[PDB]
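my_file12.cif (mmCIF, C-alpha atoms)
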```cif
data_structure
#
loop_
_atom_site.label_atom_id
_atom_site.label_comp_id
_atom_site.auth_asym_id
_atom_site.auth_seq_id
_atom_site.Cartn_x
_atom_site.Cartn_y
_atom_site.Cartn_z
CA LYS A 5 -10.25 108.22 -74.65
CA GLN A 6 -8.66 108.73 -78.14
CA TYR A 7 -6.22 111.61 -77.61
CA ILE A 8 -5.20 111.41 -81.34
CA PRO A 9 -7.90 111.86 -84.05
CA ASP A 10 -8.18 110.93 -87.74
CA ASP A 11 -7.25 114.54 -88.61
CA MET A 12 -4.45 116.39 -86.87
CA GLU A 13 -2.97 119.84 -87.14
CA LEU A 14 0.77 120.40 -87.03
CA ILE A 15 2.95 123.16 -85.71
CA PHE A 16 6.72 123.14 -85.84
CA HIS A 17 9.50 125.42 -84.60
CA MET A 18 13.08 124.55 -85.54
CA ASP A 19 16.20 126.32 -84.34
CA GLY A 20 19.58 125.17 -85.56
CA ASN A 21 22.96 125.72 -87.13
CA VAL A 22 24.93 124.05 -89.94
CA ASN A 23 28.68 124.69 -90.19
CA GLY A 24 28.08 127.77 -87.97
CA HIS A 25 25.26 129.08 -90.18
CA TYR A 26 22.38 129.66 -87.73
CA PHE A 27 18.76 129.54 -88.83
CA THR A 28 15.18 129.25 -87.60
CA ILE A 29 12.07 127.83 -89.30
CA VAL A 30 8.37 127.60 -88.48
CA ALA A 31 5.77 125.49 -90.24
CA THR A 32 2.18 124.33 -90.21
CA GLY A 33 0.63 121.23 -91.52
CA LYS A 34 -2.07 118.61 -91.59
CA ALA A 35 -1.86 114.84 -91.13
CA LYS A 36 -3.83 111.60 -90.89
CA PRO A 37 -1.94 109.54 -88.27
CA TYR A 38 -3.89 106.33 -88.83
CA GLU A 39 -3.09 106.55 -92.59
CA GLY A 40 0.57 107.47 -92.08
CA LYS A 41 0.16 110.56 -94.32
CA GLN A 42 1.03 114.21 -93.62
CA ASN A 43 2.17 117.47 -95.18
CA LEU A 44 3.83 120.74 -94.17
CA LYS A 45 4.64 124.19 -95.43
CA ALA A 46 7.76 125.59 -93.80
CA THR A 47 8.86 129.23 -93.63
CA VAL A 48 12.40 130.19 -92.78
CA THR A 49 12.39 133.11 -90.31
CA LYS A 50 16.15 133.40 -89.57
CA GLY A 51 19.14 132.54 -91.75
CA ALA A 52 17.06 132.68 -94.96
CA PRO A 53 17.53 131.90 -97.74
CA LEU A 54 19.03 128.62 -96.51
CA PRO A 55 22.57 128.14 -97.91
CA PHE A 56 22.40 124.34 -97.43
CA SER A 57 20.16 121.55 -98.69
CA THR A 58 16.71 121.59 -97.10
CA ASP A 59 16.82 117.78 -97.34
CA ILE A 60 19.03 117.43 -94.26
CA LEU A 61 16.18 119.00 -92.23
CA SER A 62 13.17 117.42 -93.91
CA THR A 63 13.11 114.14 -91.98
CA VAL A 64 13.31 116.19 -88.76
CA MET A 65 10.01 117.92 -89.52
CA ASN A 69 6.87 112.15 -86.01
CA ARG A 70 6.40 108.40 -85.98
CA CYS A 71 2.74 108.84 -84.99
CA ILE A 72 2.23 109.48 -88.73
CA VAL A 73 2.62 105.82 -89.60
CA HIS A 74 -0.16 103.36 -90.38
CA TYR A 75 0.30 100.66 -87.72
CA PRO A 76 -1.43 97.31 -88.40
CA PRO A 77 -3.04 95.51 -85.47
CA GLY A 78 -0.54 92.98 -84.10
CA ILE A 79 2.21 95.60 -84.15
CA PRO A 80 2.16 97.67 -80.95
CA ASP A 81 2.05 101.37 -81.78
CA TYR A 82 4.69 102.94 -79.54
CA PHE A 83 3.91 106.45 -80.73
CA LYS A 84 0.14 106.67 -80.53
CA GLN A 85 0.33 104.99 -77.10
CA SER A 86 2.81 107.60 -75.76
CA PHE A 87 0.02 110.16 -75.66
CA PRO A 88 -1.33 112.17 -73.99
CA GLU A 89 2.02 112.65 -72.23
CA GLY A 90 3.92 112.50 -75.53
CA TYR A 91 7.45 111.43 -76.39
CA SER A 92 10.77 112.83 -77.56
CA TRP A 93 13.47 111.62 -79.93
CA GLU A 94 17.17 112.15 -80.66
CA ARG A 95 18.86 111.36 -83.97
CA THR A 96 22.37 111.17 -85.40
CA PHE A 97 22.93 111.59 -89.14
CA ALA A 98 26.32 110.32 -90.39
CA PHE A 99 26.76 111.32 -94.05
CA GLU A 100 29.25 109.50 -96.29
CA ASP A 101 31.37 112.65 -96.86
CA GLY A 102 31.92 113.20 -93.12
CA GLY A 103 29.00 115.56 -92.52
CA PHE A 104 27.43 114.85 -89.10
CA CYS A 105 24.09 116.14 -87.79
CA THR A 106 22.74 115.86 -84.23
CA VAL A 107 19.05 116.63 -83.81
CA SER A 108 16.60 116.43 -80.90
CA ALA A 109 12.86 116.91 -80.72
CA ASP A 110 9.98 117.14 -78.26
CA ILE A 111 6.46 116.31 -79.42
CA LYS A 112 3.45 117.38 -77.40
CA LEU A 113 -0.26 117.07 -77.99
CA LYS A 114 -2.77 119.89 -77.62
CA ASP A 115 -6.22 118.60 -78.56
CA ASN A 116 -5.95 118.28 -82.37
CA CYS A 117 -2.47 119.78 -82.90
CA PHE A 118 0.94 118.16 -82.72
CA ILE A 119 3.58 120.62 -81.48
CA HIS A 120 7.10 119.77 -82.60
CA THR A 121 10.20 121.27 -81.01
CA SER A 122 13.34 120.69 -83.14
CA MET A 123 16.98 121.57 -82.45
CA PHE A 124 19.54 120.82 -85.15
CA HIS A 125 23.34 120.92 -85.27
CA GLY A 126 25.21 119.93 -88.47
CA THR A 127 29.02 120.12 -88.76
CA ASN A 128 31.92 119.19 -91.09
CA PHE A 129 29.94 119.51 -94.32
CA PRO A 130 32.42 120.15 -97.18
CA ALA A 131 32.36 123.49 -98.92
CA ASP A 132 31.31 122.23 -102.36
CA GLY A 133 29.50 119.11 -101.17
CA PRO A 134 25.91 118.48 -102.27
CA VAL A 135 24.70 119.79 -98.91
CA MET A 136 26.44 123.17 -98.88
CA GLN A 137 25.84 123.63 -102.63
CA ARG A 138 22.18 122.50 -102.32
CA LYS A 139 22.40 119.94 -105.14
CA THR A 140 20.13 117.33 -103.51
CA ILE A 141 16.87 116.42 -105.27
CA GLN A 142 15.20 114.08 -102.75
CA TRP A 143 15.59 111.31 -100.22
CA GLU A 144 15.08 107.84 -101.66
CA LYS A 145 12.13 105.99 -100.19
CA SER A 146 13.27 104.01 -97.17
CA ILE A 147 12.51 101.24 -94.72
CA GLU A 148 13.57 101.88 -91.15
CA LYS A 149 14.23 99.14 -88.64
CA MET A 150 12.77 99.56 -85.18
CA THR A 151 14.10 97.54 -82.24
CA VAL A 152 13.67 97.83 -78.47
CA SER A 153 16.91 98.68 -76.67
CA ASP A 154 17.37 100.03 -73.12
CA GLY A 155 13.59 99.82 -72.69
CA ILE A 156 12.89 102.34 -75.47
CA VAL A 157 12.48 102.13 -79.24
CA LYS A 158 15.45 102.66 -81.53
CA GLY A 159 15.31 103.20 -85.28
CA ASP A 160 18.16 102.58 -87.70
CA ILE A 161 17.98 103.38 -91.37
CA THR A 162 20.52 103.65 -94.18
CA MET A 163 19.37 106.46 -96.41
CA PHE A 164 20.43 108.03 -99.72
CA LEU A 165 19.87 111.47 -101.28
CA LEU A 166 19.54 111.62 -105.04
CA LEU A 167 21.79 114.38 -106.42
CA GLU A 168 21.71 116.74 -109.39
CA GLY A 169 22.57 114.75 -112.51
CA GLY A 170 21.87 111.42 -110.82
CA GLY A 171 24.01 109.59 -108.27
CA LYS A 172 23.41 109.05 -104.57
CA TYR A 173 24.68 110.50 -101.29
CA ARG A 174 24.52 108.01 -98.40
CA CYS A 175 23.61 108.78 -94.75
CA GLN A 176 23.14 106.54 -91.69
CA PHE A 177 20.36 107.44 -89.26
CA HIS A 178 20.30 106.39 -85.61
CA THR A 179 17.09 107.59 -83.93
CA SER A 180 16.20 106.89 -80.29
CA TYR A 181 12.53 107.28 -79.34
CA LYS A 182 11.78 108.01 -75.67
CA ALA A 183 8.18 107.83 -74.54
CA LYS A 184 7.40 109.83 -71.41
CA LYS A 185 5.37 106.88 -70.08
CA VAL A 186 4.88 103.13 -69.70
CA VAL A 187 3.43 101.72 -72.96
CA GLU A 188 3.05 98.24 -74.51
CA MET A 189 6.48 97.54 -76.04
CA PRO A 190 6.53 96.54 -79.74
CA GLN A 191 8.51 93.74 -81.32
CA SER A 192 11.21 94.34 -83.91
CA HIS A 193 9.43 95.66 -86.98
CA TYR A 194 9.83 98.02 -89.91
CA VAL A 195 8.45 101.35 -91.04
CA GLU A 196 8.48 102.14 -94.74
CA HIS A 197 8.84 105.84 -95.54
CA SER A 198 8.49 108.11 -98.56
CA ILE A 199 9.10 111.86 -98.32
CA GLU A 200 8.81 114.31 -101.25
CA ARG A 201 10.01 117.90 -101.06
CA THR A 202 7.98 120.18 -103.31
CA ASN A 203 8.54 123.90 -103.87
CA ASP A 204 11.69 125.13 -102.14
CA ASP A 205 12.94 128.62 -102.90
CA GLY A 206 15.47 128.90 -100.06
CA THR A 207 12.95 130.56 -97.77
CA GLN A 208 9.69 128.61 -98.04
CA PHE A 209 9.16 124.93 -98.82
CA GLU A 210 6.53 122.21 -98.93
CA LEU A 211 6.93 118.68 -97.54
CA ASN A 212 4.78 115.57 -97.88
CA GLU A 213 5.35 112.07 -96.35
CA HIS A 214 3.71 108.63 -96.39
CA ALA A 215 4.72 105.96 -93.86
CA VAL A 216 3.45 102.50 -92.88
CA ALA A 217 4.70 99.96 -90.34
CA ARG A 218 4.99 96.30 -91.35
CA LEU A 219 6.57 92.98 -90.37
CA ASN A 220 8.84 90.41 -92.02
CA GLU A 221 7.24 87.92 -94.41
CA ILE A 222 7.77 84.87 -92.24
#
```

Would you encode the structure as structure tokens?
Amino acid sequence: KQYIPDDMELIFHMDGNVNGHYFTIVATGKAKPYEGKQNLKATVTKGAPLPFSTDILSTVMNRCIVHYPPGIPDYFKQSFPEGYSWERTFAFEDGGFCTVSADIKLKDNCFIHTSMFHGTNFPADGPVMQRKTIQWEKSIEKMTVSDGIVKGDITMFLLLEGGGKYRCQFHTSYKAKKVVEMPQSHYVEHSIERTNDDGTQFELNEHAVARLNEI
């Protein structure tokens, strides 16, 4: 009956382009969905070494990795076994705009993640094209039901080389392939850390938990 276990495996294939630089990445990883914790190692197979900040991709490489308390409906764990997809728009403060889509399927113990990524209008000596991002700041995303599906808005900042912050607005729409119990408006706190990039291979780690307002 439980299609998602305490320990999951992760596979990822990403194809995309940024400013007309095409690339392709594969990665494998391990996760504990009920703890909201996961990690990855990615390997760039085309376009490497990446000429842009890995950070614009990192949040693209699954809301099932979020500790959901009882009394918040878990949209993501309930979408299985059929799975769910999501689309996301990234509007960066310097005009850079990224559209991304993703399919997530379930095969026994392994999440299979299908990511397409298009970024455009990133300035030549911006922090993205010159790869001067350090990390995303920890975040809290707001999840609301809209057109019968879950939506997820978050204002996000990248810390830059030498300090200072580079703002981005996320709009993610989550589409379950199936009729699930709909959640209320709630939040999901996030924290991603990017270890060990070298252009070609990188490590990701993320902790996320869903919570409510303190009414």

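Minimum distance to residue 139 of chain A across A:191, A:57, A:32, A:49 (counting all atoms listed in the file) occurs at A:57.
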
Might you spell out which residues the PyMOL selection byres ((chain A and resi 147-150) around 12) would select in the displayed file, as a PyMOL selection string? chain A and resi 70+73+79-82+143-146+151-153+156-164+176-181+189-199+214-220

Close residues, residue 134 of chain A itself excluded, 9 Å, all atoms listed in the file, min 5 positions apart in chain, as a CSV table (one decimal) with C-alpha atoms, keeping the file's coordinate frame:
```
chain,number,residue,atom,x,y,z
A,56,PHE,CA,22.4,124.3,-97.4
A,57,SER,CA,20.2,121.6,-98.7
A,129,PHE,CA,29.9,119.5,-94.3
A,139,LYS,CA,22.4,119.9,-105.1
A,140,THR,CA,20.1,117.3,-103.5
A,167,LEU,CA,21.8,114.4,-106.4
A,168,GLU,CA,21.7,116.7,-109.4
A,173,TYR,CA,24.7,110.5,-101.3
```

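Atom CA of residue 52 of chain A lies 19.9 Å from atom CA of residue 130 of chain A.
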
Near residue 21 of chain A, counting all atoms listed in the file, which residues have an atom at most 10 Å away, once you skip same-chain residues fewer than 6 positions from it, shown as a PyMOL selection string? chain A and resi 27-28+51+105+123-127

Just the selected residues (C-alpha atoms), exported as a PDB file, keeping the file's coordinate frame, please.
```pdb
ATOM      1  CA  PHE A  27      18.760 129.540 -88.830  1.00  0.00           C
ATOM      2  CA  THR A  28      15.180 129.250 -87.600  1.00  0.00           C
ATOM      3  CA  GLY A  51      19.140 132.540 -91.750  1.00  0.00           C
ATOM      4  CA  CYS A 105      24.090 116.140 -87.790  1.00  0.00           C
ATOM      5  CA  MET A 123      16.980 121.570 -82.450  1.00  0.00           C
ATOM      6  CA  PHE A 124      19.540 120.820 -85.150  1.00  0.00           C
ATOM      7  CA  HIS A 125      23.340 120.920 -85.270  1.00  0.00           C
ATOM      8  CA  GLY A 126      25.210 119.930 -88.470  1.00  0.00           C
ATOM      9  CA  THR A 127      29.020 120.120 -88.760  1.00  0.00           C
TER      10      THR A 127
END
```

note - atom CA of residue 187 of chain A and atom CA of residue 14 of chain A are separated by 23.5 Å

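Considering all atoms listed in the file, the residue among A:203, A:133, A:100, A:114 positioned nearest to residue 175 of chain A is A:100.
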
Give me the residues within 12 Å of residue 92 of chain A as a PDB file with C-alpha atoms, in the coordinates of the input, counting all atoms listed in the file and dropping any in the same chain fewer than 3 places off.
```pdb
ATOM      1  CA  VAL A  64      13.310 116.190 -88.760  1.00  0.00           C
ATOM      2  CA  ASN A  69       6.870 112.150 -86.010  1.00  0.00           C
ATOM      3  CA  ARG A  70       6.400 108.400 -85.980  1.00  0.00           C
ATOM      4  CA  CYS A  71       2.740 108.840 -84.990  1.00  0.00           C
ATOM      5  CA  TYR A  82       4.690 102.940 -79.540  1.00  0.00           C
ATOM      6  CA  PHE A  83       3.910 106.450 -80.730  1.00  0.00           C
ATOM      7  CA  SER A  86       2.810 107.600 -75.760  1.00  0.00           C
ATOM      8  CA  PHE A  87       0.020 110.160 -75.660  1.00  0.00           C
ATOM      9  CA  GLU A  89       2.020 112.650 -72.230  1.00  0.00           C
ATOM     10  CA  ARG A  95      18.860 111.360 -83.970  1.00  0.00           C
ATOM     11  CA  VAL A 107      19.050 116.630 -83.810  1.00  0.00           C
ATOM     12  CA  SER A 108      16.600 116.430 -80.900  1.00  0.00           C
ATOM     13  CA  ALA A 109      12.860 116.910 -80.720  1.00  0.00           C
ATOM     14  CA  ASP A 110       9.980 117.140 -78.260  1.00  0.00           C
ATOM     15  CA  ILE A 111       6.460 116.310 -79.420  1.00  0.00           C
ATOM     16  CA  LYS A 112       3.450 117.380 -77.400  1.00  0.00           C
ATOM     17  CA  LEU A 113      -0.260 117.070 -77.990  1.00  0.00           C
ATOM     18  CA  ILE A 119       3.580 120.620 -81.480  1.00  0.00           C
ATOM     19  CA  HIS A 120       7.100 119.770 -82.600  1.00  0.00           C
ATOM     20  CA  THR A 121      10.200 121.270 -81.010  1.00  0.00           C
ATOM     21  CA  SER A 122      13.340 120.690 -83.140  1.00  0.00           C
ATOM     22  CA  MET A 123      16.980 121.570 -82.450  1.00  0.00           C
ATOM     23  CA  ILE A 156      12.890 102.340 -75.470  1.00  0.00           C
ATOM     24  CA  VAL A 157      12.480 102.130 -79.240  1.00  0.00           C
ATOM     25  CA  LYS A 158      15.450 102.660 -81.530  1.00  0.00           C
ATOM     26  CA  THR A 179      17.090 107.590 -83.930  1.00  0.00           C
ATOM     27  CA  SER A 180      16.200 106.890 -80.290  1.00  0.00           C
ATOM     28  CA  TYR A 181      12.530 107.280 -79.340  1.00  0.00           C
ATOM     29  CA  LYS A 182      11.780 108.010 -75.670  1.00  0.00           C
ATOM     30  CA  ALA A 183       8.180 107.830 -74.540  1.00  0.00           C
ATOM     31  CA  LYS A 184       7.400 109.830 -71.410  1.00  0.00           C
ATOM     32  CA  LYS A 185       5.370 106.880 -70.080  1.00  0.00           C
TER      33      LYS A 185
END
```

So what does the PyMOL selection byres ((chain A and resi 44) around 8) actually pick up in this one, as a ChimeraX atom specification? /A:14,31-34,42-43,45-46,210-212
